[PDB]
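Single chain ahead, by itself, as structure tokens, in the form deposited in one PDB entry.
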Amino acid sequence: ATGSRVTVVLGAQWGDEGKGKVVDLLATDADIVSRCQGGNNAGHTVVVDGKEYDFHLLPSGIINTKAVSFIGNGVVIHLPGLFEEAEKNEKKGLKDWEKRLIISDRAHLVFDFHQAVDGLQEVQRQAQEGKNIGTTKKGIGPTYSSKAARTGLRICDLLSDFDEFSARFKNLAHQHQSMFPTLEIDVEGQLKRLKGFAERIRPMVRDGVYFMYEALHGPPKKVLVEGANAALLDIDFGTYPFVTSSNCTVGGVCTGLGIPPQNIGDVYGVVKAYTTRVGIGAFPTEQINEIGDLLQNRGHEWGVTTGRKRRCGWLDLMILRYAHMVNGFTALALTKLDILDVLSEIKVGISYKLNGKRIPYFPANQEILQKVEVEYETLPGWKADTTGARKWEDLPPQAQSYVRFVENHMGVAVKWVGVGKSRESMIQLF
């Protein structure tokens, strides 16, 4: 026919929905697990047999040895970070990864000064308007700006004539230094490492378009696309400008891997039982209080790197329904249900009210979102432990009702109930 269809896992809120958990579960067999958009700031945690992992650039499937890990063209790479990451997991018992990895010759490079400028930009907007993005300061934003301007460099440029490279690498550095003359650049220093990376990389690089084409039109295969960040952090559809700079939405799978929509199959939306956000920006259901401290506590909602806790809030169906409109989820994975085990009552946002009147849709302007009153619906808690559930019957009543509530209001079937952090901690409803 048209070939094999890919299976997509996407974040439906503001990140940290537990995507790594769903990816790792779906990859166990999968022939190919890939990354299509974003940079080394995914923070996809994978727990498998008392062995916790923190992948940021490498596909969450880099574990599975039978499968091949792929990084599409829509991804931005800061080589240093790449190896720094592989080596940290290389110590947790990860070997031979470099043999089952393939990089797309069309992906862009995040240069040291790129991560530099991110910081400047962030601190600049900081001491001027007393408000910044909340960036992870990993140059993703500036790398993408370079990409759009067509001044940034790609994997295929690094492997070609290192002499034509260096020249461009020089000019781009000087350009950025014009945005912030305070920015210093160890030109020949970074160029030095870069070329070392070149030879370290060369064996893994290939043509991505051709690659993915073969896999989808050759003999039947199972391809897994791991979305990064989330729906409301989408450069186009998120709470702009408090968003990342890539299309975390379904479209990015096409633009990032070079495959047509008809080769996209199941698109799973990972939904966390409650809402979190890291960084500046509106958060209608934010709960800066006892409850928010509780969610944040029981759900370990903190920077897996800097220890910075994330803002916590009740589940918000407004952003969820908005996300579905854009991604067209075929099913959902509801995670961290257990986090709600202890609450007597659980609130969930059903709509927004601006001046006593119910708004019709998710507002484009983030500033408006900061003034809405949230209309909640209070639900009965199951006040019990679910960490041991492994089938729909084990979950108590109110628990099941909570799953149905999400299912019903989104109009999308929940295919998975995350009730723990380990692989085994899922419950496949169907």
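For clarity, a rigid core is taken as the largest C-alpha set superposing within 1.5 Å between two forms. All residue numbers refer to positions in the sequence shown, first residue = 1.
If you look for the form deposited in another entry, you will not find it shown, but the lines that follow are about it.
With the rigid core aligned between this form and the one not shown, only one of 347, 321, 125, 222 has a CA shift of 2 Å or more: 125.
Core-superposed comparison between this form and the one not shown: the Cα of residue 86 travels 2 Å or more.
Remark: with the core as the superposition reference, the CA shift of residue 381 between this form and the one not shown stays below 2 Å. In this overlay on the rigid core, residue 264 has a C-alpha that sits less than 2 Å away from its partner position between this form and the one not shown.
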